[PDB]
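Colleague: Here it is: the structure, laid out below.
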Amino acid sequence: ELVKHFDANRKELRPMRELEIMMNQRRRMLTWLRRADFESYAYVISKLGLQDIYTXXXXXXXXXXXXXXXXXXXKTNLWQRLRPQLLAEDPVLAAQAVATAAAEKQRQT
RNA sequence: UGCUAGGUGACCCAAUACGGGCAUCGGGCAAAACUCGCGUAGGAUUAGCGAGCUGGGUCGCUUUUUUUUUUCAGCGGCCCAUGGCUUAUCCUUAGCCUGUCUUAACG
C-alpha cells in the first residue's frame, strides 16, 4: 500500500526513510530466517510469492542449472531509484507495474 | 639420475705370480626436478582486468623392466562450460631471509 501511495505522492520525503527501514529490516528478516528455519522461509515466500534475497559470490544457487541474476554498475533523486529496486525484488509489484503501464497506455490512446 | 664400496669377465694393461683400468650387474644412502598450505613495498592523482582473463572433454604431450595394485601440468592443436579474479590489473621502489647496530623489551 505504500508503493501505491508513493507513485501517487512523489515529493514525500519524511517516511520514505521509514519505507527504507521496512525494506531493509525485511531483508534482514528473510536473511536471518533462511539460516534459522528454512521451511518457514520457503513457506512465506511461497505464500507471498517472493524470490530469494540472501547473501566473487553466488546467491545460493543450485548444483546444476545455475541460472543467475546479478547487477553491478560498470547522482539520483529519491523515488527514481527507490521505485525500481522495490519493483525488482518483488514480482507482484512488477506485475502491478506492467498492469498499470498497459492501463495508462490504453487509457490515453 | 649421481656417487661410493661389492660380484662378474672368451676383453686391455701390469705381474719372477697377480693388481689396476675397461664393460656389465646389483646392495647402501644420496642429490636433482615438480607440486601445493601461508607470509610478503607503497600508490586510487591504478578501477575494471584489450584475455583464454579460469575450468571440462579430446588428442599431442618421444620406453616395457620382480609377485594381488601402480606412472603430473594448458605446455601446444581442437571443440567446448561461459566463466575466473576483483589490492584484479597497471605504475614506480626494491634481490630475499637470517644476520649486524640500537632499544629494557616490543620494534
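Colleague: Tell me what chain A gives for mean residue ellipticity at 222 nm when only DSSP H runs of n ≥ 4 count, each as -39,500 (n - 2.57), the sum divided by the residue total, rounded to 500 deg cm²/dmol. Walk me through the numbers on the way to the answer.
Modeller: Values: 5 runs with 64 residues, N = 109.
So the calculated ellipticity at 222 nm is -18500 deg cm²/dmol.
Colleague: For a quick protection proxy, order the peptides A:10-23, A:81-94 by their average other-Cβ count within 10 Å, most packed first.
Modeller: Details: A:10-23: 12.2, A:81-94: 14.7.
Most protected by this proxy first, the peptides run A:81-94, A:10-23.
Colleague: Could you grab the Rg to Rh ratio for chain A? Cα atoms only, Kirkwood for Rh.
Modeller: Working: Rg = 16.5 Å, Rh = 16.4 Å.
Rg/Rh: 1.01.
Colleague: Then there's this: As a quick test, which of the pairs A:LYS75/A:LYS105; A:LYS11/A:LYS47; A:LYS11/A:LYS105 have an alpha carbon distance above 26 angstrom in this structure? Don't skip to the answer; put the middle values down first.
Modeller: Working: A:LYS75/A:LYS105 29 Å; A:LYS11/A:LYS47 33 Å; A:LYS11/A:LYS105 24 Å.
Listed pairs above 26 Å: A:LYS75/A:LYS105; A:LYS11/A:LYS47.
Colleague: Once you charge only the Cβ atoms, +1 for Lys and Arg and -1 for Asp and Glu, what is the size of the charge dipole of chain A about its Cα centre, to the nearest 20 debye?
Modeller: Working: 16 positive and 11 negative charges, 83 e Å.
Charge dipole, chain A, about its Cα centre: 400 debye, nearest 20.
Colleague: Of A:UNK68, A:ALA101, A:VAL44, which is farthest along the charge dipole of chain A in the positive direction, counting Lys and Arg as +1 and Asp and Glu as -1 at C-beta?
Modeller: A:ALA101
Colleague: Give the peptides A:29-39, A:59-69 in descending order of average Cβ contacts within 10 Å, highest first.
Modeller: In descending order of packing, they fall as A:29-39, A:59-69.
A short reminder: the numbers here are calculations on the coordinates, not readings from a lab. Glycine gets a Cβ as well: all are built from the backbone with ideal geometry, and neighbour counts include every protein chain shown.
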